[PDB]
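Let's start with one chain on its own, the form deposited in one PDB entry, as structure tokens.
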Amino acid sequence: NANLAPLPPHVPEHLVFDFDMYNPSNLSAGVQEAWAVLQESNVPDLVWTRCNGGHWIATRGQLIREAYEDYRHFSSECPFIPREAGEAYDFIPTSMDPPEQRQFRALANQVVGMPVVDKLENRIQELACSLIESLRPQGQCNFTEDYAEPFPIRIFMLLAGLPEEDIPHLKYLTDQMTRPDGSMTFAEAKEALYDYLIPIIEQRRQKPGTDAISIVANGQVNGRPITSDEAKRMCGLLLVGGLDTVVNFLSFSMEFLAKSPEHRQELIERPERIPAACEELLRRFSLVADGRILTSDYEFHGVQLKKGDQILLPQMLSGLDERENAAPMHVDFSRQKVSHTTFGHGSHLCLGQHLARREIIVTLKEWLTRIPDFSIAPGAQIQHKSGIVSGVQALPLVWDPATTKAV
């Protein structure tokens, strides 16, 4: 292929595995299945793909976890593949390594953390119910657009104090950063997201509100006032986390539930298992994969890594690794030890994971109680999409209104 970058002199020929992050060959089998090919019998723990400019890929949880823990060798400064995206990526605190990362992470944690989630609980609850009830009698829906997107996004926009009418533009921009269609480079999408924020940040620094943006813009980092530039780099990240994470996960989960009546019946019969089901689904349908850049030449697991080399450390793969979970592709709500790195690992552990679990658990509970029985629209060929964050293109669902019930 002409999409293969010349193999660098230091990368062993036998370690080449041309996996394409943005268009994995086995995509038709499902995105997680497509990435799992990296864990087949004769694939080593660490491989090099010539796709997307050329980069390393850790295929097992042991290495993924080790690398995320060693920020001195594996820096978050250039976290995205391709290298151009990684270089343009300057969100805070994600593009920083400890120790400088911490003072900013603390502030971000204050705007989307548990205390904030507890506060949003009732509104999250109300929106879920409102959306599901309006869909209930129709006996059908395009899940991605009718629920997966509006539910998590409106909650984030509510938190950020931003008008919902701005969602089409913002969502388009965020998606170009994770699963670009080619219309925009990462740099262009980032510049447009920042352009959107600049005047809003200025406005709220002059007249502070109680929304997440105001809190960030008027916040302090270890005692000193955050700058306009810093607030922009943090708010941009929050927007991406709010618009392109839970939105995708919900569709993976609901697609699975629509194709598995037995699992639905398990949660219907024993709803107290929903939280556990949530964690198991987060493992099986993990969907994130970013990485790091080598700060210096370093021998890792018998492989010579060179300064500047990029290494993809798929958060998605840890929990799908059979060395972490037996029968990894099987969904077992009773799974004894659900091992995964779905929300990351190390100093950059996901800050929105608490908001995320709340949204997921609320969805499972409120949907199954009103629409306990549903399936994929007949003949529908569900398509997944791969990138920094993977997703589902469309999920047409159907059900008999007669089997539903208002709650």
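Residue positions are given as counts along the sequence shown, with the first one as 1. For the two forms, the rigid core is made up of the largest set of C-alpha atoms that agree within 1.5 Å on superposition.
Beyond what is shown, the protein has a form deposited in another entry; the following relates to that form.
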Exercise. After the core is superposed, which of these residues, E202, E279, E322, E77, moves its CA 2 Å or more between the shown form and the other one?
Worked result: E202
Exercise. Cα of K259 displaced 2 Å or more between the shown form and the other one, core superposed?
Worked result: no
Problem set entry | Is_shifted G302 between the shown form and the other one (CA, 2 Å cut-off, rigid core) | no
Problem set entry | Large Cα move at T144 between the shown form and the other one, threshold 2 Å, rigid core | no
